[PDB]
>>> print(open('target31.txt').read())   # compact mmCIF, C-alpha atoms
# COMPACT_ATOMS: atom_id res chain seq x y z
CA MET A 1 -24.78 216.70 -138.53
CA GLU A 2 -21.10 216.21 -139.35
CA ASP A 3 -20.16 219.46 -137.60
CA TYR A 4 -21.91 218.41 -134.38
CA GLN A 5 -20.15 215.03 -134.48
CA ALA A 6 -16.76 216.69 -134.97
CA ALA A 7 -17.48 219.12 -132.12
CA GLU A 8 -18.45 216.24 -129.82
CA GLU A 9 -15.25 214.43 -130.83
CA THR A 10 -13.14 217.50 -129.98
CA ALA A 11 -15.11 218.55 -126.89
CA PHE A 12 -14.23 217.87 -123.25
CA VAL A 13 -17.10 215.61 -122.15
CA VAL A 14 -17.32 215.73 -118.35
CA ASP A 15 -19.26 212.46 -118.07
CA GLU A 16 -16.63 210.26 -119.73
CA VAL A 17 -13.84 211.91 -117.71
CA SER A 18 -15.80 211.21 -114.52
CA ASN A 19 -16.34 207.60 -115.61
CA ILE A 20 -12.60 207.23 -116.29
CA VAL A 21 -11.73 208.74 -112.91
CA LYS A 22 -14.19 206.45 -111.11
CA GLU A 23 -12.80 203.39 -112.90
CA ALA A 24 -9.22 204.38 -112.02
CA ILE A 25 -10.10 204.98 -108.36
CA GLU A 26 -11.94 201.66 -108.10
CA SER A 27 -9.12 199.79 -109.85
CA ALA A 28 -6.40 201.28 -107.65
CA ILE A 29 -8.34 201.66 -104.38
CA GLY A 30 -11.53 199.60 -104.58
CA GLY A 31 -12.52 198.12 -101.24
CA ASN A 32 -9.06 198.60 -99.72
CA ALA A 33 -8.85 200.54 -96.47
CA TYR A 34 -6.67 203.58 -95.76
CA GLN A 35 -2.98 202.74 -95.24
CA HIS A 36 -0.46 205.56 -94.93
CA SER A 37 2.48 203.74 -96.53
CA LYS A 38 0.28 202.76 -99.50
CA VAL A 39 -1.26 206.19 -100.18
CA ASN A 40 1.75 206.89 -102.39
CA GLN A 41 1.06 203.85 -104.58
CA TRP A 42 -2.70 204.43 -104.59
CA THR A 43 -2.41 208.04 -105.76
CA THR A 44 0.24 207.09 -108.33
CA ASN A 45 -1.91 204.29 -109.77
CA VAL A 46 -5.08 206.41 -109.90
CA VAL A 47 -3.36 209.31 -111.65
CA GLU A 48 -1.46 207.06 -114.06
CA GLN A 49 -4.60 205.15 -115.07
CA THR A 50 -6.56 208.39 -115.50
CA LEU A 51 -3.87 210.00 -117.66
CA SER A 52 -3.43 206.83 -119.72
CA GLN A 53 -7.15 206.67 -120.49
CA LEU A 54 -7.33 210.41 -121.21
CA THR A 55 -4.47 210.06 -123.69
CA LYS A 56 -6.19 206.99 -125.16
CA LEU A 57 -9.19 209.23 -125.86
CA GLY A 58 -7.12 210.83 -128.63
CA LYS A 59 -8.64 214.26 -128.06
CA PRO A 60 -6.28 217.23 -128.62
CA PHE A 61 -6.07 218.07 -124.91
CA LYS A 62 -3.28 218.64 -122.44
CA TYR A 63 -4.37 216.80 -119.30
CA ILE A 64 -3.68 217.64 -115.64
CA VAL A 65 -4.84 215.16 -113.00
CA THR A 66 -4.61 215.81 -109.25
CA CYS A 67 -5.45 213.22 -106.59
CA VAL A 68 -5.98 213.78 -102.86
CA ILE A 69 -6.37 210.92 -100.36
CA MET A 70 -7.45 211.73 -96.80
CA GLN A 71 -8.09 209.53 -93.78
CA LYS A 72 -11.51 209.51 -92.14
CA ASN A 73 -10.75 210.54 -88.56
CA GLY A 74 -12.98 213.62 -88.21
CA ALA A 75 -10.66 215.92 -90.16
CA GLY A 76 -12.27 218.41 -92.52
CA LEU A 77 -11.54 218.30 -96.24
CA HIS A 78 -12.10 221.15 -98.71
CA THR A 79 -10.82 221.25 -102.30
CA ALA A 80 -11.44 224.33 -104.44
CA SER A 81 -10.34 225.07 -107.99
CA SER A 82 -10.70 228.38 -109.82
CA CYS A 83 -8.80 228.90 -113.05
CA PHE A 84 -8.33 231.07 -116.14
CA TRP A 85 -8.81 229.55 -119.60
CA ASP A 86 -11.14 229.67 -122.60
CA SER A 87 -14.42 228.24 -121.33
CA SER A 88 -15.56 227.18 -124.82
CA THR A 89 -12.86 224.53 -125.30
CA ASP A 90 -11.21 223.71 -121.95
CA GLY A 91 -12.92 221.77 -119.19
CA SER A 92 -12.58 220.31 -115.72
CA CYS A 93 -14.10 217.43 -113.77
CA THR A 94 -13.84 216.84 -110.02
CA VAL A 95 -14.82 213.39 -108.74
CA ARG A 96 -15.24 212.65 -105.03
CA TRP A 97 -15.12 208.97 -104.04
CA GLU A 98 -15.37 207.65 -100.51
CA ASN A 99 -15.42 204.41 -98.55
CA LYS A 100 -15.81 203.60 -94.87
CA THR A 101 -12.40 205.13 -94.05
CA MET A 102 -11.02 207.34 -96.82
CA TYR A 103 -11.80 210.26 -99.14
CA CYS A 104 -10.35 210.38 -102.65
CA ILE A 105 -10.84 213.60 -104.62
CA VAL A 106 -9.53 213.57 -108.19
CA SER A 107 -9.63 216.69 -110.36
CA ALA A 108 -8.94 216.37 -114.09
CA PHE A 109 -8.38 219.37 -116.36
CA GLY A 110 -8.31 219.26 -120.15
CA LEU A 111 -6.96 222.29 -122.01
CA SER A 112 -7.09 222.65 -125.79
CA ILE A 113 -3.78 222.49 -127.64
CA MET B 1 20.79 237.92 -125.41
CA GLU B 2 17.42 239.31 -126.49
CA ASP B 3 16.18 235.78 -127.16
CA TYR B 4 17.06 234.71 -123.60
CA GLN B 5 15.15 237.66 -122.14
CA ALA B 6 12.13 236.91 -124.33
CA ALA B 7 12.19 233.24 -123.31
CA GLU B 8 12.42 234.19 -119.62
CA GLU B 9 9.50 236.59 -120.09
CA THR B 10 7.42 233.82 -121.70
CA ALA B 11 8.62 231.05 -119.37
CA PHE B 12 6.72 229.56 -116.44
CA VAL B 13 9.07 230.60 -113.62
CA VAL B 14 8.50 228.12 -110.78
CA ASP B 15 10.04 230.40 -108.15
CA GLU B 16 7.86 233.41 -109.04
CA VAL B 17 4.66 231.34 -108.92
CA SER B 18 5.80 229.82 -105.62
CA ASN B 19 6.36 233.28 -104.14
CA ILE B 20 2.95 234.40 -105.40
CA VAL B 21 1.26 231.37 -103.83
CA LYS B 22 3.11 231.83 -100.53
CA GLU B 23 2.05 235.49 -100.47
CA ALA B 24 -1.57 234.51 -101.18
CA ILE B 25 -1.55 231.87 -98.43
CA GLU B 26 -0.03 234.27 -95.90
CA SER B 27 -2.47 237.06 -96.79
CA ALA B 28 -5.58 234.89 -96.70
CA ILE B 29 -4.57 232.50 -93.89
CA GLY B 30 -1.68 233.98 -91.91
CA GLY B 31 -1.49 232.86 -88.29
CA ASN B 32 -5.19 232.05 -87.91
CA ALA B 33 -6.05 228.76 -86.24
CA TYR B 34 -8.11 226.19 -88.12
CA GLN B 35 -11.83 226.93 -88.36
CA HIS B 36 -14.05 224.75 -90.55
CA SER B 37 -16.35 227.70 -91.28
CA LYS B 38 -13.39 229.74 -92.57
CA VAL B 39 -11.87 227.06 -94.84
CA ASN B 40 -14.09 228.05 -97.78
CA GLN B 41 -13.15 231.72 -97.41
CA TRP B 42 -9.45 230.94 -97.02
CA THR B 43 -9.34 228.64 -100.04
CA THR B 44 -11.28 231.09 -102.22
CA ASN B 45 -9.08 234.03 -101.22
CA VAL B 46 -5.85 232.06 -101.76
CA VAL B 47 -6.96 230.91 -105.21
CA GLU B 48 -8.23 234.33 -106.30
CA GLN B 49 -5.09 236.14 -105.10
CA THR B 50 -2.90 233.57 -106.88
CA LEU B 51 -4.91 233.92 -110.10
CA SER B 52 -4.87 237.72 -109.88
CA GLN B 53 -1.09 237.85 -109.46
CA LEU B 54 -0.48 235.22 -112.17
CA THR B 55 -2.66 237.19 -114.59
CA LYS B 56 -0.82 240.37 -113.56
CA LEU B 57 2.41 238.63 -114.61
CA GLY B 58 1.22 239.12 -118.20
CA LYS B 59 2.51 235.76 -119.43
CA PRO B 60 0.50 233.91 -122.12
CA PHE B 61 -0.51 231.09 -119.78
CA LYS B 62 -3.83 229.54 -118.87
CA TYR B 63 -3.68 229.25 -115.09
CA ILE B 64 -5.20 226.50 -112.93
CA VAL B 65 -5.09 226.99 -109.15
CA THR B 66 -6.18 224.28 -106.71
CA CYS B 67 -6.12 224.75 -102.94
CA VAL B 68 -6.55 222.17 -100.16
CA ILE B 69 -6.87 223.15 -96.48
CA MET B 70 -7.09 220.49 -93.76
CA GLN B 71 -6.93 220.50 -89.97
CA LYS B 72 -3.97 218.84 -88.24
CA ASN B 73 -5.30 215.83 -86.33
CA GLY B 74 -2.59 213.20 -86.92
CA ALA B 75 -3.79 212.04 -90.33
CA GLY B 76 -1.17 211.74 -93.03
CA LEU B 77 -1.58 213.83 -96.15
CA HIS B 78 -0.54 213.03 -99.72
CA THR B 79 -1.27 215.11 -102.82
CA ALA B 80 -0.09 213.72 -106.14
CA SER B 81 -0.28 214.81 -109.77
CA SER B 82 0.97 213.48 -113.11
CA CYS B 83 0.10 215.17 -116.37
CA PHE B 84 0.56 215.35 -120.15
CA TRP B 85 1.70 218.55 -121.85
CA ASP B 86 4.64 219.87 -123.85
CA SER B 87 7.29 220.03 -121.13
CA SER B 88 9.24 222.89 -122.75
CA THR B 89 6.57 225.55 -122.19
CA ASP B 90 3.98 224.52 -119.58
CA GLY B 91 4.87 224.23 -115.92
CA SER B 92 3.55 223.46 -112.46
CA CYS B 93 4.33 224.58 -108.92
CA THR B 94 3.02 223.02 -105.71
CA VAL B 95 3.48 224.83 -102.39
CA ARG B 96 2.98 223.15 -99.01
CA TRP B 97 2.38 225.50 -96.07
CA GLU B 98 1.60 224.52 -92.50
CA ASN B 99 1.07 225.95 -89.03
CA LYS B 100 0.45 224.36 -85.63
CA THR B 101 -3.07 223.28 -86.62
CA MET B 102 -3.45 222.93 -90.39
CA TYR B 103 -1.85 221.82 -93.65
CA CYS B 104 -2.44 223.80 -96.87
CA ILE B 105 -1.33 222.57 -100.31
CA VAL B 106 -1.75 224.82 -103.35
CA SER B 107 -0.96 223.56 -106.85
CA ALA B 108 -0.71 226.01 -109.76
CA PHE B 109 -0.43 224.96 -113.40
CA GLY B 110 0.49 227.31 -116.23
CA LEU B 111 -0.17 226.04 -119.75
CA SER B 112 1.02 227.88 -122.85
CA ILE B 113 -1.75 229.29 -125.03
>>> encode(input="target31.txt", output="structure tokens")
Amino acid sequence: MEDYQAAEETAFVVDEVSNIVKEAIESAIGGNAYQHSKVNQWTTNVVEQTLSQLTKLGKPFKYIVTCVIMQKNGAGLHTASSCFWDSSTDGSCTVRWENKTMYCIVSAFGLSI
Amino acid sequence: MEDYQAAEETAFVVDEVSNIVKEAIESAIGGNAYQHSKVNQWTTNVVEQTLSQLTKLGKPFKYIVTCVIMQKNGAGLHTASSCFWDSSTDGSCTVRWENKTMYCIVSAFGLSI
């Protein structure tokens, strides 16, 4: 029982990362519409909140967070991520959020130290 | 002198990864115009070529490759990333490529094992 608890403590749980990413996106973006001059601040705030929460987790992981904001004007969006790590300890979580005007794709990667 | 060569061998060279990514983008994409049906193939080929070359480098790095391909239709693009590793060993390299019709941003992250 103790070993499973320790493994869960040291594991990269995708659900909590996705929750953190959703909370950061909503806090920084929320109901706000797409504005080109403010995409800089929005991406910065989302990534900073996500990395702060991931560090607050206390898990022995190096974290890499990437955020993409795109305007809804008919343009096509495709994000793909293929990597090379140890699948037993490192993880990734891609969260797609969208409102009436804007796509926000945030990919978080946690690699064991 | 030997220590410097060993460090350079084990270091995440930004320029080498940038050249690898540019080569992958040119090989997979080249001068082709934007086609939504080909974006999946282009992204997959770019990422796999980048990963293959980075693994052929022989450096003890876990590699993360993310590719974004979007049509040019007047919408402004921003891709942002902020992370948490040991800055002395792990590195990142983002390459922005564009033609008449499409933007393509590829971010590669090499983390020491």
>>> calpha_fit_and_write(input="target31.txt", fixed="chain B", moving="chain A", output="JSON list (two decimals) with C-alpha atoms, in the frame of the given file")
[["chain", "number", "residue", "atom", "x", "y", "z"],
["A", 1, "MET", "CA", 20.82, 238.30, -125.29],
["A", 2, "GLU", "CA", 17.43, 239.52, -126.51],
["A", 3, "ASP", "CA", 16.29, 235.96, -127.24],
["A", 4, "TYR", "CA", 17.13, 234.80, -123.71],
["A", 5, "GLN", "CA", 15.24, 237.77, -122.24],
["A", 6, "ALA", "CA", 12.18, 237.02, -124.38],
["A", 7, "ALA", "CA", 12.33, 233.34, -123.40],
["A", 8, "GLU", "CA", 12.53, 234.27, -119.70],
["A", 9, "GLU", "CA", 9.57, 236.62, -120.20],
["A", 10, "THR", "CA", 7.50, 233.84, -121.80],
["A", 11, "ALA", "CA", 8.72, 231.02, -119.54],
["A", 12, "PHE", "CA", 6.93, 229.57, -116.51],
["A", 13, "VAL", "CA", 9.30, 230.50, -113.67],
["A", 14, "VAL", "CA", 8.59, 228.20, -110.72],
["A", 15, "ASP", "CA", 10.19, 230.51, -108.15],
["A", 16, "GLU", "CA", 7.92, 233.51, -108.79],
["A", 17, "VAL", "CA", 4.83, 231.27, -108.82],
["A", 18, "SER", "CA", 5.90, 229.82, -105.47],
["A", 19, "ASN", "CA", 6.47, 233.33, -104.10],
["A", 20, "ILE", "CA", 3.00, 234.37, -105.29],
["A", 21, "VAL", "CA", 1.42, 231.29, -103.73],
["A", 22, "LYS", "CA", 3.22, 231.88, -100.43],
["A", 23, "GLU", "CA", 2.12, 235.53, -100.38],
["A", 24, "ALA", "CA", -1.50, 234.56, -101.10],
["A", 25, "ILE", "CA", -1.51, 231.89, -98.39],
["A", 26, "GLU", "CA", 0.01, 234.26, -95.83],
["A", 27, "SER", "CA", -2.40, 237.05, -96.77],
["A", 28, "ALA", "CA", -5.49, 234.84, -96.56],
["A", 29, "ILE", "CA", -4.39, 232.47, -93.77],
["A", 30, "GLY", "CA", -1.38, 233.95, -91.98],
["A", 31, "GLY", "CA", -1.33, 233.14, -88.29],
["A", 32, "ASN", "CA", -5.02, 232.21, -88.19],
["A", 33, "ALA", "CA", -5.90, 228.78, -86.82],
["A", 34, "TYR", "CA", -8.00, 226.11, -88.54],
["A", 35, "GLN", "CA", -11.75, 226.84, -88.51],
["A", 36, "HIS", "CA", -14.09, 224.61, -90.50],
["A", 37, "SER", "CA", -16.66, 227.29, -91.38],
["A", 38, "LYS", "CA", -13.86, 229.58, -92.62],
["A", 39, "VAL", "CA", -11.99, 227.04, -94.77],
["A", 40, "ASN", "CA", -14.32, 228.03, -97.61],
["A", 41, "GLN", "CA", -13.30, 231.69, -97.40],
["A", 42, "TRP", "CA", -9.62, 230.87, -96.86],
["A", 43, "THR", "CA", -9.40, 228.63, -99.93],
["A", 44, "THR", "CA", -11.39, 231.13, -102.01],
["A", 45, "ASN", "CA", -9.13, 234.03, -101.01],
["A", 46, "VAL", "CA", -5.90, 232.08, -101.59],
["A", 47, "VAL", "CA", -6.96, 230.89, -105.04],
["A", 48, "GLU", "CA", -8.34, 234.29, -106.07],
["A", 49, "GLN", "CA", -5.17, 236.12, -105.01],
["A", 50, "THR", "CA", -2.97, 233.55, -106.77],
["A", 51, "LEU", "CA", -4.94, 233.74, -110.02],
["A", 52, "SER", "CA", -5.06, 237.54, -109.89],
["A", 53, "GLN", "CA", -1.28, 237.76, -109.53],
["A", 54, "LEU", "CA", -0.70, 235.11, -112.21],
["A", 55, "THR", "CA", -2.88, 237.09, -114.62],
["A", 56, "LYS", "CA", -1.04, 240.27, -113.59],
["A", 57, "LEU", "CA", 2.17, 238.57, -114.72],
["A", 58, "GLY", "CA", 0.94, 239.06, -118.30],
["A", 59, "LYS", "CA", 2.48, 235.80, -119.48],
["A", 60, "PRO", "CA", 0.52, 233.93, -122.19],
["A", 61, "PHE", "CA", -0.55, 231.13, -119.83],
["A", 62, "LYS", "CA", -3.82, 229.51, -118.89],
["A", 63, "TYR", "CA", -3.64, 229.10, -115.12],
["A", 64, "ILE", "CA", -5.16, 226.38, -112.91],
["A", 65, "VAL", "CA", -4.84, 226.77, -109.14],
["A", 66, "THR", "CA", -5.94, 224.11, -106.64],
["A", 67, "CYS", "CA", -5.94, 224.61, -102.87],
["A", 68, "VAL", "CA", -6.31, 221.96, -100.15],
["A", 69, "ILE", "CA", -6.72, 222.81, -96.45],
["A", 70, "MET", "CA", -6.50, 220.01, -93.89],
["A", 71, "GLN", "CA", -6.75, 220.00, -90.11],
["A", 72, "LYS", "CA", -3.85, 218.75, -88.01],
["A", 73, "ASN", "CA", -5.40, 215.93, -85.99],
["A", 74, "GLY", "CA", -3.14, 213.01, -86.98],
["A", 75, "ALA", "CA", -4.77, 212.48, -90.38],
["A", 76, "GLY", "CA", -2.48, 211.66, -93.28],
["A", 77, "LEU", "CA", -2.28, 213.96, -96.30],
["A", 78, "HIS", "CA", -0.96, 213.01, -99.74],
["A", 79, "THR", "CA", -1.31, 215.11, -102.91],
["A", 80, "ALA", "CA", 0.00, 213.77, -106.22],
["A", 81, "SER", "CA", -0.14, 215.32, -109.67],
["A", 82, "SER", "CA", 0.86, 213.64, -112.93],
["A", 83, "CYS", "CA", -0.16, 215.26, -116.20],
["A", 84, "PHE", "CA", 0.28, 215.31, -119.98],
["A", 85, "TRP", "CA", 1.50, 218.49, -121.69],
["A", 86, "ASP", "CA", 4.50, 219.89, -123.56],
["A", 87, "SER", "CA", 7.27, 220.02, -120.97],
["A", 88, "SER", "CA", 9.17, 222.77, -122.81],
["A", 89, "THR", "CA", 6.51, 225.46, -122.29],
["A", 90, "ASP", "CA", 4.04, 224.36, -119.58],
["A", 91, "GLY", "CA", 4.90, 224.19, -115.90],
["A", 92, "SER", "CA", 3.63, 223.41, -112.43],
["A", 93, "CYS", "CA", 4.45, 224.49, -108.88],
["A", 94, "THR", "CA", 3.24, 222.84, -105.67],
["A", 95, "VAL", "CA", 3.67, 224.82, -102.45],
["A", 96, "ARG", "CA", 3.12, 223.25, -99.02],
["A", 97, "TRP", "CA", 2.53, 225.68, -96.15],
["A", 98, "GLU", "CA", 1.83, 224.71, -92.57],
["A", 99, "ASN", "CA", 1.20, 226.21, -89.15],
["A", 100, "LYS", "CA", 0.62, 224.72, -85.71],
["A", 101, "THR", "CA", -2.79, 223.33, -86.76],
["A", 102, "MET", "CA", -3.31, 223.25, -90.53],
["A", 103, "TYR", "CA", -1.80, 222.14, -93.85],
["A", 104, "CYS", "CA", -2.34, 224.19, -97.00],
["A", 105, "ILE", "CA", -1.18, 222.66, -100.28],
["A", 106, "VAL", "CA", -1.58, 224.86, -103.36],
["A", 107, "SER", "CA", -0.76, 223.56, -106.84],
["A", 108, "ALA", "CA", -0.53, 226.03, -109.73],
["A", 109, "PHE", "CA", -0.33, 224.94, -113.37],
["A", 110, "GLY", "CA", 0.53, 227.22, -116.28],
["A", 111, "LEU", "CA", -0.14, 225.95, -119.80],
["A", 112, "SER", "CA", 0.94, 227.82, -122.93],
["A", 113, "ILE", "CA", -1.82, 229.32, -125.06]]
>>> interface_residues(input="target31.txt", of="chain B", to="chain A", cutoff="6 Å", atoms="all atoms listed in the file", output="JSON list (two decimals) with C-alpha atoms, keeping the file's coordinate frame")
[["chain", "number", "residue", "atom", "x", "y", "z"],
["B", 62, "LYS", "CA", -3.83, 229.54, -118.87],
["B", 63, "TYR", "CA", -3.68, 229.25, -115.09],
["B", 64, "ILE", "CA", -5.20, 226.50, -112.93],
["B", 65, "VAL", "CA", -5.09, 226.99, -109.15],
["B", 66, "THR", "CA", -6.18, 224.28, -106.71],
["B", 67, "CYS", "CA", -6.12, 224.75, -102.94],
["B", 68, "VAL", "CA", -6.55, 222.17, -100.16],
["B", 70, "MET", "CA", -7.09, 220.49, -93.76],
["B", 71, "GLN", "CA", -6.93, 220.50, -89.97],
["B", 79, "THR", "CA", -1.27, 215.11, -102.82],
["B", 80, "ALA", "CA", -0.09, 213.72, -106.14],
["B", 81, "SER", "CA", -0.28, 214.81, -109.77],
["B", 83, "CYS", "CA", 0.10, 215.17, -116.37],
["B", 84, "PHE", "CA", 0.56, 215.35, -120.15],
["B", 85, "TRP", "CA", 1.70, 218.55, -121.85]]
>>> residues_near_point(input="target31.txt", point="(-16.6, 219.6, -118.2)", cutoff="10 Å", atoms="only C-alpha atoms", output="ChimeraX atom specification")
/A:11-18,87,89-94,108-110
>>> atom_distance(input="target31.txt", atom1="CA of residue 31 (chain A)", atom2="CA of residue 104 (chain A)")
12.5 Å
>>> atom_distance(input="target31.txt", atom1="CA of residue 19 (chain B)", atom2="CA of residue 57 (chain B)")
12.4 Å
>>> atom_distance(input="target31.txt", atom1="CA of residue 96 (chain A)", atom2="CA of residue 30 (chain B)")
28.5 Å
>>> closest_residue(input="target31.txt", among="A:95, A:58, A:26, A:88", to="residue 9 (chain A)", atoms="only C-alpha atoms")
A:58
